[PDB]
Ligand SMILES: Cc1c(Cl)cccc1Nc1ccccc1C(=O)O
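As a starting point, one isolated chain is supplied in structure tokens, in the form deposited without the ligand.
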């Protein structure tokens, strides 16, 4: 079994993964589930080997005994010296984003507003904001804080899914995959853009990448980053240019996880797939580009330069950092997740 089985979340990821397999000569093959949690179960059971996860999902994989292998790396501010694969990773910036023409809306007037979330359990979409809201209100009732939300992966019957749109035909509302119109960094921003929500919980990069002709998609085509502001924790609003002083927190980068027994194999194969199909890939763009989709962050973020090595011998705890682990642990006391309950005994 030299093939590395990649877990694709949803049918759009599955098409890119099938492409990847064909061009990889089955050095990579595809399993699919409708959700990230399902894919974490596939890797647990050895029906799949790996997938690239948001840090919040890495927490779930970690509790279930999976390990981080390689981290997403985007273009930094300084070094063009060190190779991308050896270059220190820079955490992305979790921001709350509002329309500039919705004056009166601050961090402190968020209660019973409409929210857009990348999905439940994701770092910028959910762990960071809802962690802060629960901590500030001293209440576990984050499910009643917003009047209405789109938070893919929530209970589809609840107000947390009220604003989710699903497919073109409106099927699979609130399913935490890319077939849901408002799923992900893209989808949550599109949710704020089409004014379905008052606030979107996304990362700094998402705002830039979908404004001022930077995206070619018809909803994002004619968007100006002047029509948007960033809610800061100090109550103030600011332009999207001052993310560095107006962000909720710094997220650890999306990273690949595997079973321990498969990590070395998965690492070696990916370093080589990156060399062939990465940013400066021998076979990118004529054959296949690993880090490009229909600008819909399939398998990897489209802004991924390469997958980088980590420190020596890292656990999910070391990778995410003690602080973000404690913030997650605390928010999770207000909830139960099936996978966290199922796997709880492994790290207790």
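Residue numbers count along the first chain shown, from 1.
Missing here is the form solved in complex with the ligand; even so, the following discussion is about that form.
248 is the sole member of 175, 248, 98, 263 with a non-hydrogen atom within 4.5 Å of the ligand in the bound PDB entry. Interface residue among 128, 191, 119, 256 relative to the ligand in the bound PDB entry, by the heavy atom within 4.5 Å criterion: 128. Proximity to the ligand in the bound PDB entry holds for all of 132, 324 and 327, with the criterion being a heavy atom within 4.5 Å. Contact with the ligand in the bound PDB entry, judged as any non-hydrogen atom within 4.5 angstroms, is confined among 162 to 170, 248 to 256, 98 to 106, 191 to 199 to 248 to 256.
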